[PDB]
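Following: one structure in structure tokens, then a few remarks.
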Amino acid sequence: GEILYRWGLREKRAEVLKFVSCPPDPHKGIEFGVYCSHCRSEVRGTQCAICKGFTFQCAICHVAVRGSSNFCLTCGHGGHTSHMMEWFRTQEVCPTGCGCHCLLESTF
Amino acid sequence: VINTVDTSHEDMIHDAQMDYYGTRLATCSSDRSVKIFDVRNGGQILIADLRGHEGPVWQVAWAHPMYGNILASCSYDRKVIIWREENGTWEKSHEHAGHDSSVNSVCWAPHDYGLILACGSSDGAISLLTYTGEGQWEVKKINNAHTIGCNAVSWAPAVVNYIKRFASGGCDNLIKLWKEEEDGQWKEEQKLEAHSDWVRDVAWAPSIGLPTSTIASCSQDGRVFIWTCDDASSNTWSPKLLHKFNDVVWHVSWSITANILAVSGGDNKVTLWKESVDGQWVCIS
Amino acid sequence: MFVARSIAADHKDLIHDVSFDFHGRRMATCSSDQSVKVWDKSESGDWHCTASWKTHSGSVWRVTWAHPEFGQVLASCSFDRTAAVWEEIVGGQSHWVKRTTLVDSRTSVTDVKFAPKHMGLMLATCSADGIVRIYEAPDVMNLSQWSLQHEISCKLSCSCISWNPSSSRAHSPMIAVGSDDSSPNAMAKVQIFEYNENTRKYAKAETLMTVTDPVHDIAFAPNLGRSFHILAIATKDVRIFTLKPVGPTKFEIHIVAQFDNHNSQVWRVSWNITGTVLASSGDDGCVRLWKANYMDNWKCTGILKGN
Ligand SMILES: [Zn+2]
Ligand SMILES: [Zn+2]
Ligand SMILES: [Zn+2]
């Protein structure tokens with residue numbers, strides 16, 4: 001894997017290290033929790049623990065988002081990955097309407 | 001094929017090391033300047049030039065990209081000039097003054113256990129410095145290890161904590177392996193002495209998973225011995241001289257998967273001495 | 001100005017009930033064979049069947065789709081005193097699994113529908129005994145467990161009831177219970193059931209004494225308006241009544257329209273979010289469409305046959 005990575009086939013190293021046995025050795029650091037969509041509580045996971053409902057709603061589709069998701073650290077809004085790619089391929093402002101120019105506030 | 005790069009420096013180049021992928025063939029000379037030149041697509045462009053030393057610069061060693069684009073420069077002025085490339089521009093980032101003599105060599109730790117740019121102090125010791133984050137680097141030094149000063153620091157490969165280890169040598173006509181203890185203070189574990197003259201360069205071979213460790217030691221006497229230990233507990237380095245260099249052996253570098261030991265000496269020639277089936281090593285250059 | 005079309009749909013005979021989806025590409029059908037089938041409209045518009053599986057021993061009374069805000073969920077009501085909650089999962093052919101069910105009702109369930117989106121993922125079912133139980137499962141992420149939030153008795157034979165579209169918390173929730181009893185004595189075929197937030201209970205806001213004829217279905221359109229909404233009654237003579245809100249808040253009920261062009265007992269009613277069209281299907285076998293006009297006068301707009 002550490003030869004493949006030097007070669008430049010980041011996908012291939014992922015396929016090879018799929019088959020290692022000893023855990024993934026999870027990293028410890030800063031974690032991104034989410035304010036819940038109903039009771040506004042900080043829930044670390046896919047579903048809230050009080051209302052047991054969805055915690056993140058799409059700012060484009062207004063539907064629950066569970067898989068890949070993009071967000072900016074400035075305006076605190078996120079949504080579906082494909083949806084944000086489509087929205088930001090053209091525009092330079094927040095489809096959440098807050099005026100946060102995420103294209104320059106999250107490209108760090 | 002071969003791509004030729006013009007050094008374009010007022011003094012002869014004395015060091016070289018390329019990027020992990022390999023795009024950035026750095027050059028260092030005695031002109032008090034070490035620069036960066038891009039070599040992509042068979043090119044030669046002076047992408048960035050640096051000048052922050054006092055006298056000659058003897059070494060240039062790189063960093064693993066997982067910790068960013070970082071160099072390491074050793075200079076006769078008893079200082080280390082770490083250079084980073086931020087926002088497409090190169091700029092100095094750190095310095096040291098912990099050595100009373102010219103720093104011989106600086107080599108990087110293997111990335112699996114953090115960042116450590118260990119360097120030797122050419123009086124009796126070395127200087128191991130691990131960045132602690134947020135621009136905090138702490139220097140921990142040895143206490144009178146080499147007789148006249150270490151020359152090259154070789155980094156042992158990772159093993160399955162972490163059991164940190166490395167090897168070193170100098171003009172003491174011997175090579176010693178230095179092991180970091182659990183308390184954090186390095187404690188010597190073994191000593192090897194076979195070089196009839198001063199030892200210039202010591203190289204530690206990279207690992208692939210086999211149960212063996214190999215070390216190639218150069219010396220002023222011109223002996224290139226591939227010290228091997230067939231057991232992980234024997235700690236009995238069995239030397240075997242491979243060639244008789246006419247002059248002092250200058251450098252020793254190994255292959256990507258521990259196949260060929262590159263050597264350059266006083267003959268201004270490079271011999272790619274690779275071993276054989278019968279246990280001998282015959283140059284194929 | 002009525003256009004009728006026929007599409008290539010593969011089916012054996014008539015089905016029990018059918019539904020659609022807000023995305024416009026998903027539709028479901030429940031046939032007489034006590035099996036659940038799903039047909040999805042393609043990007044080109046063609047409806048492609050995606051699943052087919054039995055539901056319960058009893059015949060499938062009715063089928064109701066669910067809100068996209070809560071996930072891909074479908075509800076089934078069976079004539080075997082049981083209600084089935086099945087969720088489609090694709091591993092990529094889909095596989096629909098009844099992750100939960102509701103058979104608390106002793107007798108066969110007439111119908112069950114999804115409640116307002118503003119009250120959580122809650123649903124209720126009404127059986128022929130006049131008892132309607134509303135179960136509210138707090139676990140939105142886990143549909144297996146269901147908690148019976150409420151139960152209401154209409155004291156009359158319940159066959160088709162629709163919860164009022166009052167969802168916003170700015171007002172109180174209400175539910176409209178229908179009836180299909182054939183009692184010779186006249187009685188209120190409908191009643192207004194509004195939940196009391198302070199009392200945490202639903203009380204009979206008003207009994208629609210204006211309805212005594214047999215009623216097959218009740219349809220109240222989504223408000224999306226300003227003042228209030230209206231509902232419809234599927235009977236021998238179709239009538240439309242407007243509620244004017246003043247315990248439960250009094251409302252002034254008065255006829256807004258009355259249509260009898262089908263000249264039969266209305267069975268199913270069409271839906272119109274716009275609110276300018278009030279169409280229903282009578283027992284005459286001919287589709288009847290009526291709509292309001294510039295004079296705010298409801299009148300027949302289109303007509304088509306079943307064939
Ligand atoms: Zn919540
Ligand atoms: Zn979306
Ligand atoms: Zn933003």
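Residue names in the structure tokens use chain letters A, B, ... in the order shown, residue numbers from 1 in each chain, and ligand numbers from 1 in the order shown.
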Practice prompt. Kindly provide, as a PyMOL selection string, all nucleotide and amino acid residues lying within 6 Å of ligand 2, counting only C-alpha atoms and all ligand atoms.
Written response: chain A and resi 58+60-61+79-80+83
Worksheet item: How would you write, as an MDAnalysis selection string, the set of residues no farther than 7 Å from ligand 1 when counting only C-alpha atoms and all ligand atoms?
Response: chainID A and resid 36:41 48:53 55
Discussion item. To test your reading of the structure, identify every residue in chain A that backbone DSSP assigns to strand (DSSP E), and report it as a list in words.
Written reply: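 Of chain A, only residues 34, 35, 42, 43, 69, 70, 71, 78, 79 and 80 of chain A fall in strand (DSSP E).
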Kindly compile the residues surrounding ligand 3 within 10 Å, counting only C-alpha atoms and all ligand atoms, and format them as a JSON list (two decimals) with C-alpha atoms, in the first residue's frame.
[["chain", "number", "residue", "atom", "x", "y", "z"],
["A", 71, "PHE", "CA", -21.00, 21.77, 4.78],
["A", 72, "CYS", "CA", -19.11, 24.98, 5.46],
["A", 73, "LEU", "CA", -17.70, 25.86, 8.88],
["A", 74, "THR", "CA", -18.69, 29.51, 8.49],
["A", 75, "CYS", "CA", -22.48, 29.63, 8.06],
["A", 76, "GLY", "CA", -23.28, 26.28, 9.67],
["A", 77, "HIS", "CA", -25.37, 24.90, 6.81],
["A", 78, "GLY", "CA", -25.04, 21.67, 4.85],
["A", 93, "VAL", "CA", -23.72, 32.47, -2.65],
["A", 94, "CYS", "CA", -25.47, 30.17, 0.16],
["A", 95, "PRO", "CA", -28.66, 28.46, -1.06],
["A", 96, "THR", "CA", -29.60, 28.84, 2.57],
["A", 97, "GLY", "CA", -29.84, 32.57, 1.92],
["A", 98, "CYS", "CA", -27.56, 33.70, 4.75],
["A", 99, "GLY", "CA", -25.14, 35.50, 2.41],
["A", 100, "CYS", "CA", -22.14, 33.40, 3.46],
["A", 101, "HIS", "CA", -19.81, 33.08, 0.48],
["A", 102, "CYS", "CA", -18.93, 29.48, 1.28],
["A", 103, "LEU", "CA", -16.78, 29.12, -1.85],
["A", 104, "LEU", "CA", -14.18, 31.33, -0.14],
["A", 105, "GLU", "CA", -15.17, 30.68, 3.50],
["A", 106, "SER", "CA", -14.72, 26.88, 3.37]]
Practice prompt. Residues of chain C no more than 9 Å from chain A, counting only C-alpha atoms: send them over as an NGL selection string.
Written response: :C and (68-71 or 120 or 138-142)
Would you save the residues of that selection, restricted to N, CA and C atoms, as a compact mmCIF listing (two decimals), in the first residue's frame?
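Below you can see selection.txt, which holds the result:
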# COMPACT_ATOMS: atom_id res chain seq x y z
N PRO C 68 -42.69 12.15 2.18
CA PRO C 68 -41.27 12.02 1.85
C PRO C 68 -40.35 12.53 2.95
N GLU C 69 -40.85 13.39 3.83
CA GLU C 69 -40.00 13.92 4.89
C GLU C 69 -39.62 12.84 5.90
N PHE C 70 -40.37 11.74 5.93
CA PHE C 70 -40.09 10.68 6.89
C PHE C 70 -39.50 9.43 6.25
N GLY C 71 -39.43 9.35 4.93
CA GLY C 71 -38.83 8.22 4.26
C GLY C 71 -39.80 7.48 3.35
N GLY C 120 -45.77 14.70 13.58
CA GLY C 120 -44.89 13.56 13.61
C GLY C 120 -45.36 12.45 12.70
N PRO C 138 -42.84 7.57 18.56
CA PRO C 138 -41.83 8.64 18.62
C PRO C 138 -40.58 8.33 17.82
N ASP C 139 -40.21 7.06 17.70
CA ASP C 139 -38.97 6.68 17.02
C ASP C 139 -39.17 6.84 15.52
N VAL C 140 -38.77 8.00 14.99
CA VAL C 140 -38.82 8.20 13.54
C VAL C 140 -37.78 7.32 12.85
N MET C 141 -36.61 7.15 13.48
CA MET C 141 -35.56 6.32 12.91
C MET C 141 -35.83 4.83 13.04
N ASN C 142 -36.83 4.43 13.83
CA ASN C 142 -37.16 3.02 14.03
C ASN C 142 -38.67 2.86 13.91
Discussion item. Just checking: using only C-alpha atoms, which residue out of B:265, B:110, B:98, B:42 ends up closest to chain A?
Written reply: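 Using only C-alpha atoms, the shortest distance to chain A belongs to B:110.
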Discussion item. Quick check, in Å to one decimal: how far apart do atom CA of residue 89 of chain B and atom CA of residue 25 of chain B lie?
Written reply: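 Calculated distance between atom CA of residue 89 of chain B and atom CA of residue 25 of chain B is 16.4 Å.
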Fill in: chain A residues near chain B (8 Å cut-off, only C-alpha atoms) as a count of residues only
3
Worksheet item: For the atom pair atom CA of residue 194 of chain B and atom CA of residue 248 of chain B, what is the interatomic distance in Å to one decimal place?
Response: 14.9 Å
Worksheet entry | atom CA of residue 198 of chain B to atom CA of residue 226 of chain B, straight-line distance in Å | 17.0 Å
Fill in: Selection: 7 Å around segment 203-220 of chain C, only C-alpha atoms, excl. self and same-chain fewer than 6 positions, as a VMD selection string
chain C and resid 160 to 162 164 178 to 182 186 to 195 230 to 236 248 266 to 269
Discussion item. Show me, as a list in words, the residues that have an atom within 7 Å of segment 205-219 of chain B when counting only C-alpha atoms, minus same-chain residues fewer than 5 positions from it.
Written reply: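 Everything that qualifies: residues 157, 195, 197, 198, 199, 200, 224, 225, 226, 227, 228, 229, 230, 231, 248, 249, 250, 251, 252, 254, 257 and 258 of chain B.
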